[PDB]
Number of protein chains: 4
Amino acid sequence: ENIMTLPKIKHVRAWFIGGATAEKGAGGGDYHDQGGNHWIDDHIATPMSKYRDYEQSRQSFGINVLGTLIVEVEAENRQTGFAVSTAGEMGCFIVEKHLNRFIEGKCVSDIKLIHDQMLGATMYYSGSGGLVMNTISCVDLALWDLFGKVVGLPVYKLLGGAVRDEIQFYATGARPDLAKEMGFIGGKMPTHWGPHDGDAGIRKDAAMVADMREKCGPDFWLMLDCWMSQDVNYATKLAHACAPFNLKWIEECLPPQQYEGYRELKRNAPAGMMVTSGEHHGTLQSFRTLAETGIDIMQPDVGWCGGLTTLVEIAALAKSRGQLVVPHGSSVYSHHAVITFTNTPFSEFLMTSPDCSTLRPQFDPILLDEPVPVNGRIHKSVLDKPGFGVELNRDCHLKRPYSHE
Amino acid sequence: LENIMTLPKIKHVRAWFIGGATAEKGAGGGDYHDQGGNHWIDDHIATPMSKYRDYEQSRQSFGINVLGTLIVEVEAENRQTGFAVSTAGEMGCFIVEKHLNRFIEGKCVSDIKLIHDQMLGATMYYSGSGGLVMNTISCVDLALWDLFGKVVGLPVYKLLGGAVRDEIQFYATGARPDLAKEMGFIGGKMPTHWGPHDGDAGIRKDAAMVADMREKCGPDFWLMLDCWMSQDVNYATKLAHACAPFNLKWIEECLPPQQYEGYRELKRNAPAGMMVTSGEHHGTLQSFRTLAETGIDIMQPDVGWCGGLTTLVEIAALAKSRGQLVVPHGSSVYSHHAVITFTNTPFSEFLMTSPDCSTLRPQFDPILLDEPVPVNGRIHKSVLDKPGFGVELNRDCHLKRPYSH
Amino acid sequence: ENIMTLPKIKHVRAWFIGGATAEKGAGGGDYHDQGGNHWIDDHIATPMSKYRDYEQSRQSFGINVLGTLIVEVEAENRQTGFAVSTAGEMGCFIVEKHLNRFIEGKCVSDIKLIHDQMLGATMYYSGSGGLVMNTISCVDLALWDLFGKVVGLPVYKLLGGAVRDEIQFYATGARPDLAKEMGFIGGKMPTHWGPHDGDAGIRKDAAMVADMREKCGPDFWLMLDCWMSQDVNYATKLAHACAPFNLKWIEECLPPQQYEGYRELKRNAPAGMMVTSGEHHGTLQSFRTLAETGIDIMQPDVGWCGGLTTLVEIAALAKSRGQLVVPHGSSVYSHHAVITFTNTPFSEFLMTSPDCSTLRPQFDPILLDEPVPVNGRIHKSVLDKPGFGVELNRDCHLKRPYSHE
Amino acid sequence: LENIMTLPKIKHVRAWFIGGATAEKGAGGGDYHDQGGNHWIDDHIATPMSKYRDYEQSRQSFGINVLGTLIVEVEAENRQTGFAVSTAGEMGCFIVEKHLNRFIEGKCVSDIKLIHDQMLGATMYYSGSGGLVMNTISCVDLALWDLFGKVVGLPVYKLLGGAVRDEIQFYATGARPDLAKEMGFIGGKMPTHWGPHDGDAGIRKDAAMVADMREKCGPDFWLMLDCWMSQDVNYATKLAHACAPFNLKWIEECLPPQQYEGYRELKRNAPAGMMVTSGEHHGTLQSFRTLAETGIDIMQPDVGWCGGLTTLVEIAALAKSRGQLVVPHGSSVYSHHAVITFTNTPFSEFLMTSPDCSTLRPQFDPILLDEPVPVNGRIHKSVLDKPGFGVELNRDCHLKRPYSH
Ligand code: NA
Ligand code: NA
Ligand code: NA
Ligand code: NA
């Protein structure tokens with residue numbers, strides 16, 4: 001009846017790769033930090049694509065300026081845990097100059113305490129989400145990684161265990177037809193035109209969906225991701241133009257503050273067609289507001305909504321409402337969470353392959369031993385390693401802009 | 001890097017009872033109301049039955065003690081066991097040994113959430129969403145957390161992401177708040193003795209009773225009323241307003257648990273700043289969503305009644321999403337290892353098992369060996385620093401095994 | 001002007017047949033306590049069918065563990081009444097160890113008093129429905145049976161008389177086409193696939209409906225029973241996929257706690273198509289909540305919602321709203337009620353025949369002289385016997401696990 | 001087993017009146033307001049007409065006594081009769097003898113609900129849902145229950161499922177509550193004498209009048225105000241708040257019965273814990289649904305006005321479903337045999353037919369032979385233990401038969 005003995009945390013450190021102060025196209029934790037000729041930068045509709053200079057490329061307006069934050073927590077026994085997110089150099093500042101004070105000297109089991117202190121202390125400048133929240137998440141995930149690594153358990157077991165033997169995935173990218181051949185259950189395509197394109201824009205994105213429906217058959221799901229680029233009327237028209245092809249859902253039509261627009265969009269959705277959002281929302285209380293709009297599925301990003309600790313709360317909010325939660329695809333950081341969620345029957349795999357024809361690891365190259373779906377699935381046994389089961393690729397050129405103590 | 005801890009499968013589940021109608025009455029243990037003569041807990045307490053002359057003086061008389069204590073023990077293949085107790089007794093053993101065993105045996109000790117979902121899904125046709133069948137499910141869920149914490153060598157509070165406070169502070173429930181202040185509790189909750197059929201006299205008596213404790217206890221020590229489902233909206237509103245001058249902090253469970261619409265109206269009519277609370281008899285996370293939506297200030301599930309620790313953690317996230325507190329019905333260690341991790345449970349309940357509320361008789365006395373009690377109305381996290389829920393089963397109690405399999 | 005003299009109740013006794021502690025497939029009061037090769041166990045969608053081990057058979061997850069409760073009340077003149085429900089051995093415990101105290105020594109006319117005492121006294125563990133409520137119902141029905149048997153009147157006459165000369169039935173089972181040939185007005189089929197089956201599942205259950213529509217013509221009703229197995233989005237899609245075949249209603253799509261989901265499902269239903277539920281709800285106050293969701297028809301089970309005394313209140317709640325009530329089919333216990341309800345224009349007959357080709361009595365074999373519809377109807381004259389007009393088949397092997405006094 | 005009681009058919013229905021504009025004024029009986037000179041019931045009572053100088057002092061002056069008493073008697077083929085009385089007189093006999101007879105004659109004595117539905121369906125084009133035609137229907141429905149109880153040899157209260165209390169306690173309605181306390185009543189309800197046209201003086205007078213009775217009656221004896229449809233929301237709110245300091249329990253019928261929206265607002269503006277009640281002039285169960293939905297605390301149908309005992313039992317279930325009380329307008333035995341069976345009617349009304357409220361003159365004096373009166377503000381169930389509604393018709397009264405058929 002002798003309790004396992006636990007170390008205190010000795011050090012936290014932060015590095016970054018890519019972003020505006022290192023090397024363009026570093027990939028890793030910042031999905032959009034890619035090179036030339038990538039589907040993910042191919043005329044994707046956004047709040048800026050209405051501007052001729054920023055229509056063809058999201059990189060051009062700066063989708064890639066942040067790069068990847070890496071947070072590593074070191075216990076007094078020299079065991080480490082870490083995690084990666086989008087924030088880069090500014091995230092380093094926050095961790096090294098502010099948050100380190102709540103982290104260092106706590107018990108490795110003090111995760112929810114540190115998470116609470118981190119939210120309480122940054123509330124005056126975090127704005128609910130975005131950069132600061134991504135940084136908090138990255139710290140939360142490192143803490144879980146360390147705690148599992150010290151205990152010798154996968155995070156999914158610390159959470160109360162898998163509720164299914166494998167995760168099934170849909171794939172996000174320009175090639176649902178190729179994804180069907182790889183064994184995925186569905187494909188989510190980006191929209192390429194926006195409100196300023198009017199009926200032509202609706203015609204083109206609907207024709208894209210109609211084409212893939214013909215290529216993929218009736219049972220493979222199709223979805224559109226709209227990345228905050230629309231307004232209520234354009235989204236309504238687009239959803240109705242795609243209804244004949246059984247589009248499963250239409251995602252992130254509006255900027256995240258537009259809760260009232262989401263409520264109106266869901267009311268106007270075609271019967272049976274779901275409306276989703278959440279990947280840019282942050283904090284449990286924001287997801288309360290989002291859920292009450294009546295959207296079918298919230299899609300938090302673990303690396304952005306506040307971390308694993310927040311994600312688990314969001315899952316319970318959804319469950320309380322008899323609804324699914326389907327987190328954005330965040331490799332192992334989402335895998336260990338969703339395989340324990342009875343109300344996450346499937347998950348997302350984002351194509352980082354430039355032409356969506358191969359299975360590049362999602363956070364390539366920053367994670368060593370990073371799993372990829374095989375036949376559209378990741379077996380729970382693949383996740384049976386301590387923490388989130390990966391190691392940091394120290395061959396990437398990690399920059400340390402700040403230090404402390 | 002490291003290979004995981006190897007975890008055993010679950011080999012056996014077994015169920016026993018003590019007390020209740022088919023054994024020795026007054027056993028105590030998991031059923032708080034399985035007590036002897038002259039207990040404050042049976043002293044003319046207002047109930048849905050107290051309108052009847054024959055059932056007015058005693059709750060025991062209408063049968064509040066018929067069920068007794070259910071004990072569930074789960075045994076891993078490596079011979080380690082975990083256990084828990086709740087109110088369900090003999091019928092509880094039937095549900096465990098003849099139904100739920102099929103979902104428990106042969107699973108991993110980490111498959112807690114999986115088993116939980118299977119128990120809810122398989123009993124949905126007979127569970128009524130709360131009460132006896134839910135108590136049984138809850139008791140199994142707690143046994144599983146116990147066993148898992150014991151196999152791992154960690155207190156459940158650490159597997160949940162750790163304490164967010166170094167100790168738990170307690171208010172005390174029973175007839176002597178004046179005395180509880182002397183034992184160091186932060187407040188005291190009294191039962192009501194009169195009901196709607198007692199009219200204005202009932203209100204005057206119970207309010208007088210509170211006026212007296214404010215006087216004896218000073219202005220800062222909390223006073224509350226527990227109404228055990230015994231009122232209607234009008235009577236409850238009259239009471240709350242009659243008690244407002246004494247700064248009564250909350251008024252608890254005025255209505256039967258189905259009366260959601262009535263709680264909404266009661267909350268709307270409550271004196272400014274006085275809380276209306278409920279939840280001890282609710283079960284299932286979805287019932288708690290409907291509860292939370294009535295606008296009541298505090299939900300109060302019993303961990304061993306609401307569905308288990310797995311459900312309690314969900315109810316906590318639901319309340320936290322709404323910016324509200326969650327304050328479980330005092331369930332000894334089963335609550336302690338939870339509430340110590342909840343940012344939104346700033347205090348907890350100790351329910352007086354002492355006949356005259358003068359002593360710190362343990363919450364689940366005599367069934368739990370080494371059961372912590374509030375030391376100066378506080379319980380420090382070090383006390384909780386033992387594997388699982390940190391207690392042992394008292395096998396000197398006369399455990400009966402009505403069923404096997 | 002000399003009033004009929006009435007006996008007091010002398011004894012109540014409880015037996016069970018079937019369930020986990022007697023013989024598999026006992027049938028009788030537990031509809032699902034059947035053998036192998038039965039339509040009613042044929043890949044029926046449920047909250048558990050998402051689990052590969054519990055997909056093909058409801059028996060496999062334990063739909064049949066309870067078996068049949070029999071409650072017999074004996075008056076001091078030695079006249080008996082009785083009734084049957086689903087609860088078995090645990091129901092015996094409740095009746096023999098708890099409820100007997102409110103029952104024994106009352107007047108045979110004291111039905112609503114005993115019913116109130118039974119609800120008031122079990123409120124702390126009944127959870128609103130399910131097992132405990134089924135047991136209360138069984139006692140309520142026995143009391144009505146005895147009272148009518150003593151007076152020498154059918155229950156339907158004690159209630160204020162028939163409002164129609166016969167009851168017309170739809171049939172529930174896998175063969176609406178066979179039911180049409182037997183003279184029923186409609187057939188309600190179970191769904192076989194659930195949310196985890198996606199578009200394929202919708203395609204298959206809709207094709208089942210389309211096939212029967214072709215076989216049965218336009219005026220014979222078709223309905224689907226979904227037995228708590230869906231979520232809002234899947235139910236919406238299924239209802240719209242069946243609208244072209246004029247599906248009359250879609251029943252029990254959601255678990256009974258999901259009132260808010262019912263409200264959203266009814267809003268999204270195809271024009272003219274009804275959404276129904278209620279067979280797993282218990283207590284008058286639960287049916288208030290259910291009615292206010294806007295569902296078209298509540299479908300209480302007399303043996304489960306609290307008894308005849310509660311059923312009659314539910315009928316009035318429906319009537320107050322200008323709506324029908326259509327109780328689940330519970331043989332004579334529903335017949336004597338619904339033939340007096342102006343707002344129950346038709347009733348349900350459940351096929352206990354394994355292949356739905358013959359008219360086995362619904363509670364076969366526990367009831368002697370149990371009527372069956374002839375040409376889809378039961379003439380009121382068939383019900384013109386005292387109480388509920390049947391006798392207990394004492395040749396079944398009734399077990400008495402408990403006794404008292 | 002047993003052959004049923006053989007029941008006769010209904011052979012004749014016959015209708016008589018006394019009192020009212022076409023006979024001897026001041027007859028009393030079923031019409032409570034058919035009284036002589038100097039009655040408290042006609043003493044400057046506030047009404048919708050009292051704003052007019054000519055109709056201010058007397059209700060008799062505007063014609064509250066024009067209708068008189070309707071008597072319906074139903075005769076079975078075995079020569080047994082049952083009867084009831086209500087307010088409708090001569091026009092009432094026209095409706096019975098020239099319309100409703102066709103639904104009554106030739107039915108079974110048990111066909112109560114059937115006849116009831118037929119009477120509502122057939123008069124829907126001229127009934128206005130309350131008032132005169134509803135009174136007539138109600139009187140027939142009561143005659144049928146009477147006749148049935150008499151043929152069977154049971155009090156109606158036993159056919160309804162029996163008493164849920166051994167006696168009925170009563171508050172008294174009239175000008176001398178101080179005196180009613182002395183007769184043992186649990187409270188007293190006073191009429192208002194002034195109306196909106198009297199402004200602040202009106203309020204001061206009626207409030208003063210209540211301040212005086214609190215003083216004379218002590219704090220525990222209930223005080224209430226009846227406003228007989230005579231106010232508007234603003235005047236009613238001013239009154240309630242002027243009476244709050246005297247713990248006035250409820251304020252009754254402030255508004256004409258159509259003003260549902262106004263009752264909703266009045267209830268919203270009422271002092272905390274003070275009830276707002278209504279319903280005496282409502283008719284049809286659907287009107288009561290709309291009433292209940294305004295949020296008023298207590299609905300108060302008159303049994304002989306609201307549609308009959310059949311409707312009253314429905315209104316009771318509606319209130320009970322909402323967790324609320326139902327307290328009929330005192331209708332002597334017609335209410336007593338109902339309310340004694342309603343869990344949600346914990347007290348009843350005795351309306352003073354005594355000119356100066358000093359004596360226990362019977363409610364329907366002189367038309368009912370052996371009419372019970374509260375013995376010490378209570379009426380025991382043994383008093384009710386006679387067949388049907390337990391009274392006889394006073395044929396010494398000068399019964400007129402305006403119509404036959
Ligand atoms: Na997205
Ligand atoms: Na409580
Ligand atoms: Na059903
Ligand atoms: Na009145």
# chains A, B, ... in the order shown; residues from 1 in each chain; ligands from 1
>>> residues_around(residues="segment 53-60 of chain D", least_positions_apart="6", cutoff="9 Å", atoms="only C-alpha atoms", output="JSON, numbers by chain")
{"D": [33, 34, 35, 41, 42, 43, 44, 45, 46, 47, 66]}
>>> write_last_selection(atoms="N, CA and C atoms", output="PDB file, in the first residue's frame")
ATOM      1  N   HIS D  33     -75.936  32.675  -5.366  1.00  0.00           N
ATOM      2  CA  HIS D  33     -76.191  34.115  -5.293  1.00  0.00           C
ATOM      3  C   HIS D  33     -77.676  34.406  -5.376  1.00  0.00           C
ATOM      4  N   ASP D  34     -78.468  33.331  -5.424  1.00  0.00           N
ATOM      5  CA  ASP D  34     -79.918  33.440  -5.346  1.00  0.00           C
ATOM      6  C   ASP D  34     -80.420  33.531  -3.865  1.00  0.00           C
ATOM      7  N   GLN D  35     -80.103  34.662  -3.244  1.00  0.00           N
ATOM      8  CA  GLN D  35     -80.297  34.897  -1.818  1.00  0.00           C
ATOM      9  C   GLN D  35     -81.264  36.065  -1.557  1.00  0.00           C
ATOM     10  N   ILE D  41     -73.243  38.370   1.043  1.00  0.00           N
ATOM     11  CA  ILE D  41     -72.840  37.989  -0.320  1.00  0.00           C
ATOM     12  C   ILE D  41     -73.235  39.028  -1.371  1.00  0.00           C
ATOM     13  N   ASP D  42     -74.119  39.942  -0.962  1.00  0.00           N
ATOM     14  CA  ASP D  42     -74.621  41.013  -1.812  1.00  0.00           C
ATOM     15  C   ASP D  42     -74.274  42.384  -1.255  1.00  0.00           C
ATOM     16  N   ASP D  43     -73.386  42.427  -0.271  1.00  0.00           N
ATOM     17  CA  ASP D  43     -73.045  43.666   0.414  1.00  0.00           C
ATOM     18  C   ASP D  43     -71.878  44.481  -0.177  1.00  0.00           C
ATOM     19  N   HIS D  44     -72.194  45.292  -1.184  1.00  0.00           N
ATOM     20  CA  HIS D  44     -71.224  46.171  -1.817  1.00  0.00           C
ATOM     21  C   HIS D  44     -69.968  45.373  -2.277  1.00  0.00           C
ATOM     22  N   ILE D  45     -70.191  44.272  -2.972  1.00  0.00           N
ATOM     23  CA  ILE D  45     -69.066  43.415  -3.372  1.00  0.00           C
ATOM     24  C   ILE D  45     -68.533  44.011  -4.698  1.00  0.00           C
ATOM     25  N   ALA D  46     -67.209  44.180  -4.806  1.00  0.00           N
ATOM     26  CA  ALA D  46     -66.590  44.719  -6.045  1.00  0.00           C
ATOM     27  C   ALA D  46     -66.786  43.736  -7.216  1.00  0.00           C
ATOM     28  N   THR D  47     -67.142  44.252  -8.378  1.00  0.00           N
ATOM     29  CA  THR D  47     -67.454  43.434  -9.548  1.00  0.00           C
ATOM     30  C   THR D  47     -67.069  44.200 -10.816  1.00  0.00           C
ATOM     31  N   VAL D  66     -80.318  35.858 -11.813  1.00  0.00           N
ATOM     32  CA  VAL D  66     -81.339  35.614 -12.829  1.00  0.00           C
ATOM     33  C   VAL D  66     -81.533  34.151 -13.224  1.00  0.00           C
TER      34      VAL D  66
END
>>> closest_atom_pairs(of="chain B", to="chain C", cutoff="9 Å", atoms="only C-alpha atoms", output="Markdown table")
| residue | atom | partner | partner_atom | distance |
| --- | --- | --- | --- | --- |
| B:21 | CA | C:97 | CA | 6.0 |
| B:22 | CA | C:97 | CA | 7.7 |
| B:47 | CA | C:120 | CA | 8.2 |
| B:48 | CA | C:120 | CA | 5.3 |
| B:49 | CA | C:120 | CA | 5.5 |
| B:52 | CA | C:117 | CA | 8.8 |
| B:59 | CA | C:121 | CA | 8.9 |
| B:62 | CA | C:121 | CA | 5.8 |
| B:63 | CA | C:98 | CA | 6.3 |
| B:64 | CA | C:121 | CA | 7.3 |
| B:66 | CA | C:98 | CA | 6.5 |
| B:67 | CA | C:125 | CA | 9.0 |
| B:87 | CA | C:125 | CA | 8.9 |
| B:88 | CA | C:125 | CA | 8.6 |
| B:90 | CA | C:90 | CA | 8.6 |
| B:91 | CA | C:90 | CA | 5.6 |
| B:92 | CA | C:90 | CA | 8.9 |
| B:94 | CA | C:90 | CA | 7.5 |
| B:95 | CA | C:65 | CA | 8.7 |
| B:98 | CA | C:20 | CA | 6.0 |
| B:99 | CA | C:62 | CA | 6.3 |
| B:100 | CA | C:62 | CA | 8.5 |
| B:102 | CA | C:61 | CA | 8.0 |
| B:103 | CA | C:61 | CA | 8.4 |
| B:117 | CA | C:48 | CA | 8.9 |
| B:118 | CA | C:48 | CA | 7.0 |
| B:120 | CA | C:47 | CA | 8.9 |
| B:121 | CA | C:47 | CA | 5.3 |
| B:122 | CA | C:61 | CA | 5.7 |
| B:123 | CA | C:63 | CA | 7.9 |
| B:124 | CA | C:255 | CA | 7.7 |
| B:125 | CA | C:280 | CA | 6.6 |
| B:126 | CA | C:130 | CA | 4.0 |
| B:127 | CA | C:130 | CA | 4.9 |
| B:128 | CA | C:129 | CA | 4.0 |
| B:129 | CA | C:127 | CA | 5.8 |
| B:130 | CA | C:127 | CA | 4.0 |
| B:131 | CA | C:125 | CA | 3.8 |
| B:132 | CA | C:125 | CA | 5.0 |
| B:133 | CA | C:131 | CA | 8.0 |
| B:134 | CA | C:127 | CA | 8.0 |
| B:135 | CA | C:125 | CA | 8.5 |
| B:229 | CA | C:123 | CA | 8.8 |
| B:256 | CA | C:123 | CA | 7.8 |
| B:257 | CA | C:128 | CA | 8.3 |
| B:258 | CA | C:285 | CA | 6.1 |
| B:259 | CA | C:285 | CA | 6.6 |
| B:260 | CA | C:289 | CA | 8.2 |
| B:261 | CA | C:289 | CA | 8.1 |
| B:281 | CA | C:124 | CA | 6.7 |
| B:282 | CA | C:127 | CA | 7.5 |
| B:283 | CA | C:127 | CA | 7.4 |
| B:284 | CA | C:257 | CA | 8.3 |
| B:286 | CA | C:257 | CA | 6.1 |
| B:287 | CA | C:257 | CA | 6.1 |
| B:290 | CA | C:260 | CA | 8.1 |
>>> residues_around(residues="residue 377 of chain C", least_positions_apart="3", cutoff="6 Å", atoms="only C-alpha atoms", output="PyMOL selection string")
chain C and resi 167-168+373-374
>>> write_last_selection(atoms="N, CA, C and O atoms", output="CSV table (one decimal), in the first residue's frame")
chain,number,residue,atom,x,y,z
C,167,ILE,N,-61.2,-1.8,-29.3
C,167,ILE,CA,-59.9,-1.2,-29.5
C,167,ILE,C,-59.3,-1.7,-30.8
C,167,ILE,O,-59.3,-3.0,-31.1
C,168,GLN,N,-58.9,-0.8,-31.7
C,168,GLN,CA,-58.1,-1.1,-32.9
C,168,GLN,C,-56.6,-1.1,-32.6
C,168,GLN,O,-56.1,-0.1,-32.0
C,373,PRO,N,-56.0,-9.7,-30.1
C,373,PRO,CA,-56.9,-9.1,-31.1
C,373,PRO,C,-57.3,-10.1,-32.1
C,373,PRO,O,-56.6,-11.1,-32.5
C,374,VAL,N,-58.6,-10.0,-32.5
C,374,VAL,CA,-59.1,-10.7,-33.6
C,374,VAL,C,-59.5,-9.7,-34.7
C,374,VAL,O,-60.1,-8.7,-34.5
>>> interface_residues(of="chain A", to="chain C", cutoff="10 Å", atoms="only C-alpha atoms", output="compact mmCIF listing (two decimals) with C-alpha atoms, in the first residue's frame")
# COMPACT_ATOMS: atom_id res chain seq x y z
CA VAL A 163 -13.28 3.07 -25.14
CA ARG A 164 -12.55 1.61 -28.57
CA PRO A 218 -22.31 7.41 -51.37
CA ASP A 219 -20.86 6.09 -48.08
CA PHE A 220 -17.49 7.81 -47.95
CA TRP A 221 -18.14 11.13 -46.11
CA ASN A 246 -25.06 14.66 -48.97
CA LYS A 248 -21.88 15.66 -44.06
CA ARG A 267 -31.23 27.35 -38.07
CA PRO A 270 -30.34 21.94 -44.80
CA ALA A 271 -32.08 19.08 -42.94
CA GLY A 272 -29.60 16.53 -41.76
CA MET A 273 -26.54 18.61 -42.65
CA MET A 274 -24.37 19.50 -39.62
CA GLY A 294 -26.90 24.77 -31.40
CA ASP A 296 -23.82 20.02 -34.00
CA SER A 320 -23.89 16.43 -21.41
CA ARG A 321 -25.82 17.68 -24.44
CA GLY A 322 -26.10 14.23 -26.18
CA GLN A 323 -23.63 15.52 -28.80
CA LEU A 324 -20.26 14.39 -30.36
CA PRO A 345 -16.40 8.11 -32.78
CA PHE A 346 -13.86 9.37 -35.35
>>> select_by_dssp(residues="segment 65-104 of chain C", states="alpha helix (DSSP H)", output="list in words")
residues 88, 89, 90, 91, 92, 93, 94, 100, 101, 102 and 103 of chain C
>>> write_last_selection(atoms="N, CA and C atoms", output="PDB file, in the first residue's frame")
ATOM      1  N   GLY C  88     -38.839  -8.920 -11.575  1.00  0.00           N
ATOM      2  CA  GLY C  88     -38.403 -10.196 -11.015  1.00  0.00           C
ATOM      3  C   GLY C  88     -37.957 -10.086  -9.574  1.00  0.00           C
ATOM      4  N   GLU C  89     -36.788 -10.672  -9.293  1.00  0.00           N
ATOM      5  CA  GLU C  89     -36.413 -10.968  -7.902  1.00  0.00           C
ATOM      6  C   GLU C  89     -36.216  -9.691  -7.112  1.00  0.00           C
ATOM      7  N   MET C  90     -35.581  -8.687  -7.728  1.00  0.00           N
ATOM      8  CA  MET C  90     -35.415  -7.434  -7.032  1.00  0.00           C
ATOM      9  C   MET C  90     -36.751  -6.757  -6.719  1.00  0.00           C
ATOM     10  N   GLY C  91     -37.718  -6.907  -7.645  1.00  0.00           N
ATOM     11  CA  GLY C  91     -39.080  -6.352  -7.422  1.00  0.00           C
ATOM     12  C   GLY C  91     -39.724  -7.034  -6.190  1.00  0.00           C
ATOM     13  N   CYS C  92     -39.526  -8.332  -6.086  1.00  0.00           N
ATOM     14  CA  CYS C  92     -39.954  -9.087  -4.864  1.00  0.00           C
ATOM     15  C   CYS C  92     -39.398  -8.510  -3.552  1.00  0.00           C
ATOM     16  N   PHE C  93     -38.098  -8.223  -3.528  1.00  0.00           N
ATOM     17  CA  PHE C  93     -37.463  -7.571  -2.396  1.00  0.00           C
ATOM     18  C   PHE C  93     -38.201  -6.284  -2.067  1.00  0.00           C
ATOM     19  N   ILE C  94     -38.330  -5.390  -3.036  1.00  0.00           N
ATOM     20  CA  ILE C  94     -39.003  -4.131  -2.797  1.00  0.00           C
ATOM     21  C   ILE C  94     -40.433  -4.288  -2.199  1.00  0.00           C
ATOM     22  N   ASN C 100     -44.780  -3.490   1.431  1.00  0.00           N
ATOM     23  CA  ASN C 100     -45.865  -4.234   2.095  1.00  0.00           C
ATOM     24  C   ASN C 100     -46.458  -3.413   3.237  1.00  0.00           C
ATOM     25  N   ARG C 101     -45.649  -2.524   3.817  1.00  0.00           N
ATOM     26  CA  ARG C 101     -46.031  -1.767   5.006  1.00  0.00           C
ATOM     27  C   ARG C 101     -47.095  -0.691   4.737  1.00  0.00           C
ATOM     28  N   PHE C 102     -47.127  -0.151   3.500  1.00  0.00           N
ATOM     29  CA  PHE C 102     -48.168   0.776   3.061  1.00  0.00           C
ATOM     30  C   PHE C 102     -49.435   0.079   2.510  1.00  0.00           C
ATOM     31  N   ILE C 103     -49.302  -1.186   2.157  1.00  0.00           N
ATOM     32  CA  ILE C 103     -50.306  -1.937   1.470  1.00  0.00           C
ATOM     33  C   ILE C 103     -51.194  -2.659   2.462  1.00  0.00           C
TER      34      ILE C 103
END
>>> decode(residues="segment 388-394 of chain C", atoms="N, CA and C atoms", output="PDB file, in the first residue's frame")
ATOM      1  N   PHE C 388     -59.036  -6.821 -14.201  1.00  0.00           N
ATOM      2  CA  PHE C 388     -58.463  -6.904 -15.555  1.00  0.00           C
ATOM      3  C   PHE C 388     -58.850  -8.228 -16.212  1.00  0.00           C
ATOM      4  N   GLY C 389     -59.770  -8.986 -15.589  1.00  0.00           N
ATOM      5  CA  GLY C 389     -60.322 -10.151 -16.195  1.00  0.00           C
ATOM      6  C   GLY C 389     -59.454 -11.365 -16.505  1.00  0.00           C
ATOM      7  N   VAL C 390     -58.279 -11.448 -15.903  1.00  0.00           N
ATOM      8  CA  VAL C 390     -57.467 -12.654 -16.094  1.00  0.00           C
ATOM      9  C   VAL C 390     -57.112 -13.341 -14.762  1.00  0.00           C
ATOM     10  N   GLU C 391     -56.562 -14.544 -14.883  1.00  0.00           N
ATOM     11  CA  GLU C 391     -56.092 -15.270 -13.710  1.00  0.00           C
ATOM     12  C   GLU C 391     -54.631 -15.595 -13.874  1.00  0.00           C
ATOM     13  N   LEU C 392     -53.974 -15.840 -12.749  1.00  0.00           N
ATOM     14  CA  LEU C 392     -52.543 -16.121 -12.747  1.00  0.00           C
ATOM     15  C   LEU C 392     -52.287 -17.577 -13.070  1.00  0.00           C
ATOM     16  N   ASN C 393     -51.412 -17.838 -14.018  1.00  0.00           N
ATOM     17  CA  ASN C 393     -51.084 -19.196 -14.376  1.00  0.00           C
ATOM     18  C   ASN C 393     -50.114 -19.769 -13.343  1.00  0.00           C
ATOM     19  N   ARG C 394     -50.673 -20.512 -12.381  1.00  0.00           N
ATOM     20  CA  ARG C 394     -49.885 -21.058 -11.276  1.00  0.00           C
ATOM     21  C   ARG C 394     -49.086 -22.308 -11.685  1.00  0.00           C
TER      22      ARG C 394
END
